[PDB]
Every structure is written in structure tokens, then in C-alpha cells.
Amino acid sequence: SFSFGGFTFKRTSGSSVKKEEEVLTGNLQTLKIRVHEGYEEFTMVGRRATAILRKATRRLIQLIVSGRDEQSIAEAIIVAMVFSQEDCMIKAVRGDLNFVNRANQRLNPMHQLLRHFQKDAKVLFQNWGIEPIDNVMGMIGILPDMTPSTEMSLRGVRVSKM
């Protein structure tokens, strides 16, 4: 496995290769990130939430998440959205990120982006996108305001009961 944002990721299918790529934020800052290229499925296991994730290169395809309560589930969603490396997440950075503060000098850009959205995920959630759901029994959608919905959800994301 490996650990990212307090979650243990275990690949269950697929594969990927690593390459450095530049990306532009919503404030048109250029970040150099390690992009993982390939379709992969993962289990994400945290202390307070768990998820199954399917992703492709820079794209979240499916995230089904369960957890203790809304705060834990939200945190898993944020980690998954940042781990996806999706453009709408990079573009949700609307101000400059600080890479000079001594406390930030040992964060790689992936970790700078995680810390940014951990502080406040509102813009992330507001710009990710919603879709209609044909709600499956035992699951529910989740809206950008982190409230449940039987009718709509963040794109690709569903909440399961524990």
C-alpha cells in the first residue's frame, strides 16, 4: 500500500506510471506535480472513513465512501478529490499558494493542494460538479454543502451506510 492524507490506499486493479507535469490553478499559478497515468482502482482506508475509488489519469470516475459521520466522510471526499488530480480541483485554487513559508518548504505540490482544501473545501465542492442519481438502496448522494440527497450528488461520489 501507501499512505496519503491519513488514508491507506491499496490498489485492487489497474496500473499506472509516474511523470512530472505542469498544471495551472484557477489563479494561473503553475504547479509541477507528479501525475500518475493509468486507470486504477483502490481501497482507501482511514481511521474514521473507508472508500472504494476508481480513477483514470487526472480523473475521478467513482468514489463510494462510508464513515463515522459527515466530518469524516467529507474529509475522505476531499482526499480523494485531491488524489484524483482532476483539473476542476486544481482550478478551484483561486488565490496563490504559499511555497515560501518555512512550514511549507517540505510539502510537495500534491501536499500543498491537500492542505489548501483541508483548510476550506467550499470552492472545491462548489466547482466539482453535480449529477442526477438513480439512487441505489443503501447509498445516498451528497451535495456540495455536505448534506444528503436522494436526487443529486457530487459527480461520481456516493455515500454508503456504515
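We number the residues from 1 along the sequence you see.
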Q. Higher mean Cα B-factor in the deposited model: 33-41 or 118-126?
A. 118-126
Q. Comparing 147-155 with 19-27, where is the mean C-alpha B-factor higher?
A. 147-155
**Q.** C-alpha B-factor winner, where the candidates are 111, 102, 48, 55
**A.** 102
Q: For residue 107, return the chain-relative third of its C-alpha B-factor as stated in the PDB record: lowest, middle or highest.
A: highest
**Q.** Relative C-alpha B-factor of residue 131, binned into the chain's lowest, middle or highest third
**A.** highest
(Q) When the deposited Cα B-factors of this chain's modelled residues are ordered and cut into thirds, is residue 60 in the lowest, the middle or the highest one? (A) lowest
Q. If you rank the chain by CA B-factor, which third does residue 69 end up in: lowest, middle or highest?
A. lowest
